[PDB]
Amino acid sequence: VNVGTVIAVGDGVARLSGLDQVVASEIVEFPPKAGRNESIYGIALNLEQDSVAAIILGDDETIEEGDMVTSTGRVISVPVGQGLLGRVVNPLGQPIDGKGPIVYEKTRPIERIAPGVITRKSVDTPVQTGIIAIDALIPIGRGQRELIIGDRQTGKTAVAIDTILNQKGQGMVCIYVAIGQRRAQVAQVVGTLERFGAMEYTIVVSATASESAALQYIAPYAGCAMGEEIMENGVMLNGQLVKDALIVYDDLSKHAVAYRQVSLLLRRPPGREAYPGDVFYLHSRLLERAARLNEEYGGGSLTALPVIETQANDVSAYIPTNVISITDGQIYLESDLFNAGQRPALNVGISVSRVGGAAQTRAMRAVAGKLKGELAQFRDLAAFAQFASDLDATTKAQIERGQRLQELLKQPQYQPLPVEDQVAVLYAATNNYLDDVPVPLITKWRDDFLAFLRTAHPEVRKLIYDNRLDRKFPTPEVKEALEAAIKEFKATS
Amino acid sequence: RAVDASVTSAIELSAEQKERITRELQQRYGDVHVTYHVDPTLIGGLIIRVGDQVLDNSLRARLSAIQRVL
Amino acid sequence: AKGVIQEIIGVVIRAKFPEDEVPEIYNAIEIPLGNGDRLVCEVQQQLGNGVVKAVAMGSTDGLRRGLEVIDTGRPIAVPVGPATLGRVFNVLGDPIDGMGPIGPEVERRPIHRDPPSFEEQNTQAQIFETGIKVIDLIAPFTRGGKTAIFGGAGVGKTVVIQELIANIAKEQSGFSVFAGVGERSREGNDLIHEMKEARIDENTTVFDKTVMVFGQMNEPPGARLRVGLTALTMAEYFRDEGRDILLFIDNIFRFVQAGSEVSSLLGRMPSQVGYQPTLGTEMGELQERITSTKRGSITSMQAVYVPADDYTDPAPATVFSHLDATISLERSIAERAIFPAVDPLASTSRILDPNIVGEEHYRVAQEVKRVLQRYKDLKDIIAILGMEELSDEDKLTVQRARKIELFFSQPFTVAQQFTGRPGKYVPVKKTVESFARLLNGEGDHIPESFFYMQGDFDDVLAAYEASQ
Amino acid sequence: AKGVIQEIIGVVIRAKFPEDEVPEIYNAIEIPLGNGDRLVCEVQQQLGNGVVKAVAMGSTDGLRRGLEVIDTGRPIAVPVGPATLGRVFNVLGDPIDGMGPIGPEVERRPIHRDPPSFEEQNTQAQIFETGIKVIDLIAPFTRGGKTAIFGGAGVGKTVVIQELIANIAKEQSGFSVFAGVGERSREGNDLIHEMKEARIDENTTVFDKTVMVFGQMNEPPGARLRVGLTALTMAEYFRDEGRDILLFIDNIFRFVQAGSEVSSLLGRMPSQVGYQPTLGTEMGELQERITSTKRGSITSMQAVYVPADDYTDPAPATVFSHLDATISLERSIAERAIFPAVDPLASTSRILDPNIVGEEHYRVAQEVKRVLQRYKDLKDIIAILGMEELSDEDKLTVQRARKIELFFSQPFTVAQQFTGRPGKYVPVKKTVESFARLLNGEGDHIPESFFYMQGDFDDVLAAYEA
Amino acid sequence: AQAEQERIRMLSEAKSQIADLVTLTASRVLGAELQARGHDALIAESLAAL
Amino acid sequence: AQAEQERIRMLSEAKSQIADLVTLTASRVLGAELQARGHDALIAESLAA
Ligand SMILES: Nc1ncnc2c1ncn2[C@@H]1O[C@H](COP(=O)(O)OP(=O)(O)OP(=O)(O)O)[C@@H](O)[C@H]1O
Ligand SMILES: [Mg+2]
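Residue numbers (the entry's author numbering), protein chains in the order written: chain A, 27 to 519; chain W, 85 to 154; chain F, 3 to 470; chain E, 3 to 468; chain Y, 111 to 160; chain X, 111 to 159.
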């Protein structure tokens, strides 16, 4: 009853006649035969009478008519545990880095209902991405679903990689799911993670463009199952048990494209933009599992960072709007800002985080509220920037200050900033302490200030880090210490 | 009877051995319709496909060893 | 009873029953599923020799063919009465809060009931003050009548709904029902819980007067399809005994999308953009139950999500004819940092009549629409040429329109989490007076930037004086 | 094997095979044609009991149902090796040039190979030194990375292709593959044959250093779909030897259109813009074998046709999703006698960042972009008001921009016979330093001339002195 | 670095070829040994699992 | 050459071929029964390479 035979292989779907007592999402085996040493699996989905349509998780040219199939007795599941840490794996859980077989004691089934409503709590613990603009204007909390939406080559992958890198000592289990990305990009991402040592706590699930459309469709669910296991059971990181995880789904647009291909090859009716009518259900059941559980259900969390690629900055498409409706906030990476030199290109005017504003370190919000206000004033004054010598002292000063703040927000790649450094830099910028610094040299001024604090004043940084949780961050002690530090730096410079 | 079988063994058996394979299957129907094949790749076991059930005992251990070392 | 599963296509389960015991059209059949917990399916079609097609409304991804199905013989029944107050339920009526299950003595009512007849309809309605300038001026929230907000993905539909609940749920004068047919389980629920439990009405919280049925996005299509009907059955008991009910159903479009997915799995011929052929009938069956009758009044407030930004989509197009007050949220207005993001030109209401809302209110609203209609007419002229080419009166109307557009923005008490501006509650009288004064000519000297995220006109004048 | 044709519908045929030995997907069944010639159909589907649906890849006008079908048991076999060099093949690997058959002694590999595994991919990105100043400066290539060119074919695109082939041949291992996907029999085949045979470098013609695969327009959609895979199969043999290969695909959009036509013929549902539902997977089966591996690297420069100039169009969108550098040949630049008519503003590249090409290359490229953007902005001012009204410290920028756009001209080692000017290979470092020294102020006294069809900055200095 | 990478790939390829040959030799030895020991000995063991 | 020499040494029957084949037989086909009945002919002779 556990065995059946293929009767037709077509558009990535086999028919698997006579395989009853198969569950509605069982992973069939296709045991190896002559010419195929390994086994390629399939997902049985349309359990109609006397025929079991199965999506071939892999190239469909490997199997023929008459191939034997054996039902594995399990709903489609991915191996998960501490052994997955530091490994690059297929969506099925098989390794692709070649280091060795994956060690795991338990498997968590993908495609499960999210924990629910009562099993949740408002996010309070912040997530430090390391980008000044993101961490100051779009706060991210643990368990928040923040969307990184841009236009092709704009830096969404770079932002996700920086966020992953910054979670070195934060007790986070980063997961990077590459859906539809070409193998060169995935290899470069893995190499970058390895070089900076972040690969020790990062699990990478790769479903590249050459892979079958069955993959790139279960890959985000495999990553989300891994994140769910981290969130509920937890793993030991740096000698401590961490139940907080961060997952980057990368291109969810390519995931939607892969699901559209799977649906259309199954002759399902198309919907808007030829996508199947349940693409919203796809991404919703994918993203709803990223939750911030309350204490009585373990207190774990799972931050999600889906990435959506737009065409011609068309945010009003189908999939981008679907994901925007699913997620909690957006991070709009405009192409015009990216081309203009503002490499961390953020459309701060429209980027927002509905939740997580209260899930921020009190120091960061206390220093960045007036930052956001001043940026709003600069954006308001962008229309009047064309006029020359027709603006009073107030408007000219506001424009200059906004330019200084934007140049400060410009942060080079692969260089995350600790929270103490970020809050110190913003406190310096927002107290008229940089009005004398010319705009083109603000980046090197920030770099020199950070180097000075790393070398000359570690005690100031430690005090700020220890006093970042206070309700009133600008206590006299930290205020006078950091003011003395900046005065010393300015005198030396 | 109602179902058929596809029992295969490592090597070709004798006529009496066919009867033993037939009579040993009293669990389901006693004596179901059977077909026999050699396929010398099979070693030291039988691959009985009764009804829609398969039981693997030959060539599986050697095959599983490759995945253990590779 | 005691059928067997034939096919399992997605969440649609086809079962075969004996010839003389076929379940009815809307009966609830169950798979034992083992483990002592059962999966409740709802029949949708009858296909022939005892074969029925049912919607799982559950995981339906771990069960095989040939499993037995038990026919309950009744449609899905949910508890109704005061016992449901302050509790959170599934589509099946099973509570999900930490409290215990509902007792057998509580009445169970089928979730598939006929809508009120033509005789029972109550056409009497009056303005329901809400404290939001654009809502209370252009598209008055109608008491005893259906009203809904249509927004895209980035606009703040949830923020508007939460602010509306915070403003009007304290002075309920009756119970209320909340149904997030399709919405984030983060802000749609488990954060409305905190807000409702925090609010206190004379030592009784607002949550003590609320019945909450979710069927969140995570749920399979069946739960999202029938959660609206469950909430309606839970609210019709209170309406039928006279209690005033505030009904907040969130994202009817998710109910439509669940229906579309179920229909696609059911083999029905697709219509328009992949939608179900039975879209209008399903919308009628759900919406016609949301009616204030002669026995009680339901003050419904719905939300509708437009796919992409297409208002020509079949789901919002079907919703539009089932409402008294229509509120349209636009992507461009939200991108202009106007958080209410309501388009006054595309937002109307039935009770915007001088005999109902007041002659001055009607005149003010009509003028605030004629302005911004002139602005929409001159948008292209302004964009390509500039303000100069317009006539003097046209110029004045244009800056008045821009000032009005800025002035419709209003801080919300639920917006403190990402905006530091304190919330404001502007009474409808103050809104009418402020807009009448603005249209008279007062405030012309004030720059447009001073109308952004302010309360009544007095606050704008005070800010202008503060900045001198 | 030895099946029989069951159904012939256009180019889609269905062959019935015994219940066993049914051909797999992409198995290239062969139909005898009553003579030495044969018709090769690629199996694309398995239906029912032995029936397989295949695309004819040929005339399929003389066939009859019941005719014998021979299964090859493997995807389309393509001859590979040095024997392919200097020969022209169709998708099936049969040579279409005047020379005789390849012969059985030459290795034949399946057309449907697999992209290099995850470990074999290069972790870092290495710049590909083409030698052309503008290409190496404004839109640098990537070794093992895809590249797109936009042009109307009257802007000397073929000359750029020939220069790239000659440069890689003379300064690297240097084997090139040209994939003529949907290439016209007259305009795109004999013309390119004559240009490649006439063009010579160090006593070796460009034709002798490259292999060309022509999936012509008149061939069925299957041939135009699989000609790119044939070209990759030919190039992967040389990549396996450690050599660096340039693969030129002409109008990859024609490959996309051929895939769409095949999907429509097979009966699959149409994706957005009536494209094949498997657009991403089909574009990933291709253009993923074009990678830089440990053993070797294949770097491709593929022409792209934008449907109705619609870039959002899923065909160019999926093409762009797999691209590293874009080169935009411009008609207006070619109207003036600048053969490397590359539009610096429209042409970009992913590898042009400080972390790979160095800080100096990025700085000089950005400065060139800035000055050329200022010149483009001031074109209208010059046309309307004239040169006099434009202020100081900007007239210098305009003059520098004109001199630098005349500086992108570069003599080509393949066009030395036509123009009577020896070709110059300019290293990327030499290009960067020369352009930095042009920007900083040197050469300002030199007029716009003496920069035209020149190489390094020292060369223009010497020309000015003489 | 290039020499080590080429050597490592060759070393891994040699190990896979040797392991496949070793497995094939073990399979042939097992088949002959079972035939000498009698193929009708594990039939009862197979029946036990069924 | 170094890889060829190492593999050539490993190609000997008694080097690894006899050790690996016997260990697999004593663990996969049965348990501590590689010899059992007969099977001495294949001991380091059939598994030459
Ligand atoms: N903060 C940054 N500073 C400098 N360069 C950056 C920065 N962020 C990204 N880049 C550069 O932008 C280019 C593209 O970045 P990235 O790899 O993140 O792509 P993307 O915009 O996320 O999308 P895609 O995956 O489609 O290319 C690269 O050359 C990268 O070096
Ligand atoms: Mg990216």
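Backbone N, C-alpha and C define an ideal beta-carbon position, used for all residues, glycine too.
- Taking C-alpha positions only, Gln123(E) is separated from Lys296(E) by approximately 7 Å.
- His281(A) has its alpha-carbon roughly 9 Å from the corresponding atom of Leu241(A).
- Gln48(E) carries a strand assignment under DSSP once its states are collapsed to helix, strand and coil.
- Residue-level contact by beta carbon holds for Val138(W) and chain A, with a gap shorter than 7 Å.
- Under the three-state reduction of DSSP output, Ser266(F) falls in the helix class.
- Leaving aside the five residues that flank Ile425(A) on each side, the residues in its chain whose CB is nearer than 7 Å to its CB run, in chain order, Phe404, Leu407, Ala411.
- Assignment of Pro81(E) by DSSP, reduced to helix, strand and coil, places it in the strand class.
- Among the residues of chain F, those whose CB is under 7 Å from the CB of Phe306(A) are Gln259, following chain order.
- In this structure, the straight-line span from the alpha carbon of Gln170(A) to that of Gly375(A) is close to 21 Å.
- In terms of beta-carbon proximity, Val48(A) lines the interface with chain F, with at least one pair separated by less than 7 Å.
- Apart from the 5 residues on each side of it in sequence, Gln356(A) sits with its Cβ closer than 7 Å to the Cβ of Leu173, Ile175, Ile350, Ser377, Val378 in its chain, given in chain order.
- The shortest C-alpha to C-alpha distance from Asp474(A) to any of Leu489(A), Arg494(A), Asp447(A) is the one to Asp447(A).
- Between the segment 391-411 of chain E and the segment 150-166 of chain E, the count of Cβ pairs shorter than 8 Å is below three; the stretches do not touch.
- The set of residues with CB atoms less than 6 Å from any heavy atom of ligand 2 reads, in chain order, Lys182(A), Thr183(A).
- Less than 7 Å separates the beta-carbon of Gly206(A) from that of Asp277(A).
- The C-beta distance from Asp311(F) to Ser342(A) rounds to 4 Å, short enough to meet the 8 Å contact threshold.
- Shortest gap from the CB of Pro442(A) to any heavy atom of ligand 1: 6 Å or more.
- A straight-line Cα-Cα distance of about 12 Å links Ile384(E) and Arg376(E).
- With 16 or more other CB atoms across the displayed protein chains lying within 10 angstroms of its CB, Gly146(E) is buried.
- Taking the Cβ atoms as the reference, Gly88(F) lies roughly 14 Å from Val108(F), outside the contact range of under 8 Å.
- As a beta-bridge residue in DSSP terms, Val35(A) pairs with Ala40(A), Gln48(E).
- Contact check between the segment 130-145 of chain F and the segment 199-217 of chain F: fewer than three CB pairs, one atom from each, fall below 8 Å, which does not count as touching.
- Taking C-beta atoms as the reference points, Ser279(A) and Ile352(A) fail to come closer than 7 Å.
- When 8 Å is used as the limit between beta carbons, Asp406(A) is near these residues of chain F: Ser451, in chain order.
- Minimum Cα-Cα distance from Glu238(F) among the listed residues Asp461(F), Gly36(F), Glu290(F) corresponds to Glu290(F).
- Taking the Cα of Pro424(E) as reference, the smallest distance to any Cα among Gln401(E), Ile406(E), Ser451(E), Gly457(E) is reached at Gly457(E).
- Bounds of any alpha helix (DSSP H) do not take in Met94(A); it lies within the beta strand (DSSP E) bounded by 94-101.
- Going by DSSP, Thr149(F) is part of no alpha helix (DSSP H) but of the beta strand (DSSP E) stretching over 149-153.
- In terms of beta-carbon proximity, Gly141(Y) lines the interface with chain W, with at least one pair separated by less than 7 Å.
- Beta-bridge partners of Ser379(A) (DSSP): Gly355(A).
- In the structure shown, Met252(A) adopts helical secondary structure according to DSSP, grouped into three states.
- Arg110(E) sits in a strand when the DSSP states are folded into three classes.
- Comparing C-alpha distances from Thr96(A) to each of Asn339(A), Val129(A), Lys59(A), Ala184(A) shows the shortest one belongs to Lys59(A).
- As DSSP reads the structure, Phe499(A) sits in no beta bridge.
- Residue side-chain check: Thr180(A) places its Cβ nearer than 6 Å to a non-hydrogen atom of ligand 1.
- Between ligand 1 and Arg62(A), a heavy atom-to-CB distance of less than 6 Å is absent.
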